[PDB]
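Shown next, in structure tokens, is the structure this report addresses.
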Amino acid sequence: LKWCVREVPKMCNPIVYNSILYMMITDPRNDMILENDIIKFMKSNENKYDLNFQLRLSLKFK
Amino acid sequence: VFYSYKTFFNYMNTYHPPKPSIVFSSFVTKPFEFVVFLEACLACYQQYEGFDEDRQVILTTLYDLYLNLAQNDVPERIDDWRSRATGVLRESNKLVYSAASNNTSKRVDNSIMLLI
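These protein sequences, in sequence, are chains C and A.
If you want the entry's author numbering, it's the 1-based position in the first sequence plus 612.
Read in order, the letters of the second sequence correspond to residues 619 to 631, 653 to 755 in the entry's author numbering.
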């Protein structure tokens, strides 16, 4: 999914970004490196993720 | 403590309003109270065609709240609320199949609903 997003960023939809964000924030485990990578990905590709849904998911996942 | 917006509306009884999600973040805690307000807002926006795409956002928020609801709520009312979200799922058809005639409108894909 990440390779497809990187290679074909022009041909994509917000659904793909939302699904990628949900998959990244699923977090079966916990690690600071994963959080840093998620923050970097969000900063690089901002203005394309649902703020309310992402905030609710983050609050639920703690 | 009203468990439905209809009871609160019964007890209680200008320009273009802003986006209802602008102040949605202020209701982070105590979602039960905000549920009635969200239902009333959705009912008000149901008429007059709901401008454009506002009904989709309202339905998505209501479905997310309903999915969050009854997760750890009262067991007695767990079955009812889970049933109520089914109606939202039916409304999802009205938000997917009957969202628009697709003649000129681009509509709104319920991908967030599928993820939820």
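A virtual CB, placed ideally from N, CA and C, is assigned to each residue, including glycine.
**Report entry** Proximity of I717 (chain A) and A709 (chain A) at Cβ, strictly below 8 Å
**Finding:** yes
Query raised in the report: Within the 8 Å Cβ cut-off, does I627 (chain C) reach chain A?
Result: yes
Query - Cross-chain neighbours of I751 (chain A) in chain C, by beta carbon under 7 Å - result: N630, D662 and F665
Report task. Would you kindly work out how many angstroms separate the C-alpha atoms of residue 558 (chain C) and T743 (chain A), rounded to a whole number? Result -> Since the first residue shown for chain C is 613 and the last is 674, residue 558 (chain C) is missing from the structure and cannot be characterised.
Query raised in the report: What did DSSP end up calling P621 (chain C) once you bin it into helix, strand or coil?
Result: coil
Query raised in the report: What are the residues of the segment 680-693 of chain A that lie near chain C, defined by any Cβ-Cβ distance shorter than 9 Å?
Result: none
Query raised in the report: When you compare each of A:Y702, A:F627 and A:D691 to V747 (chain A) by their alpha carbons, which one comes out closest?
Result: A:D691
Report task. Return yes when the Cβ of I627 (chain C) is within less than 8 Å of the Cβ of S731 (chain A), no when it is not. Result -> no
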